[PDB]
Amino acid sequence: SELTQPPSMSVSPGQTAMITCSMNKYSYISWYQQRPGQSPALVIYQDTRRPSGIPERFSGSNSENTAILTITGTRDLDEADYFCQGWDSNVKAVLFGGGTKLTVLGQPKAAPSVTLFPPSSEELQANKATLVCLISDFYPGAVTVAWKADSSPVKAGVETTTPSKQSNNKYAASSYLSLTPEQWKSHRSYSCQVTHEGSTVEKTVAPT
């Protein structure tokens, strides 16, 4: 007794998206949309009905053991996860589908905004030092970060997040370099180098 969805699906803007959800025995089917960093929201219920507030592009259907969420005129803000949901009468249990990441093609390149902070003096009083490299508002979501002590690569003490999708479909990430207050004081400068779509943005701080 399983609701089966495609993991991912892509669509061009204004094109019609059709997410399918196949099942073994009939159930009524509700559909939920989850936008980055947010709770699910109910988008279609009773196979074909939409709650007040859901745009008329969203429509649903259920026949021959397959339900379809249909979005006509897909926009940028339709980029989300979508889950179908049914019921198993014979074990009394909710069924959820795996989910479908809907991707809308042709969004424009956005280069990252990069801010570099040096160790605070509070943190140096406690015999620690951390460099914080914050990276926001970039698309598509794949950056490389490298760190330079003066101009020498740094390999130990680097923790970088994987890119994370914000509300506006762009990405944020952060990198941290941990070092001793001795290494900090003993170099002329440290550098964050962010590579995005071939280009590198460097930012630099120095103990002075």
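Numbers for residues come from their place in the sequence shown, where the first is 1.
Stretches 149 to 157 and 41 to 49 differ in mean C-alpha B factor, with the higher average recorded for 149 to 157.
Stretches compared: 23 to 31, 51 to 59. Higher mean C-alpha B-factor in the entry: 51 to 59. Highest CA B-factor among the listed residues (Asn90, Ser113, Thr72, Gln85): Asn90. In the PDB entry, the Cα temperature factor peaks, among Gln183, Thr144, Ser174, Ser164, at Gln183. When the modelled residues of the chain are ordered by C-alpha B-factor, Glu79 sits in the middle third. Ranked by C-alpha B-factor against the other modelled residues of its chain, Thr208 falls in the highest third.
In the deposited entry, the Cα temperature factor of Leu124 sits in the top third of values across the chain's modelled residues.
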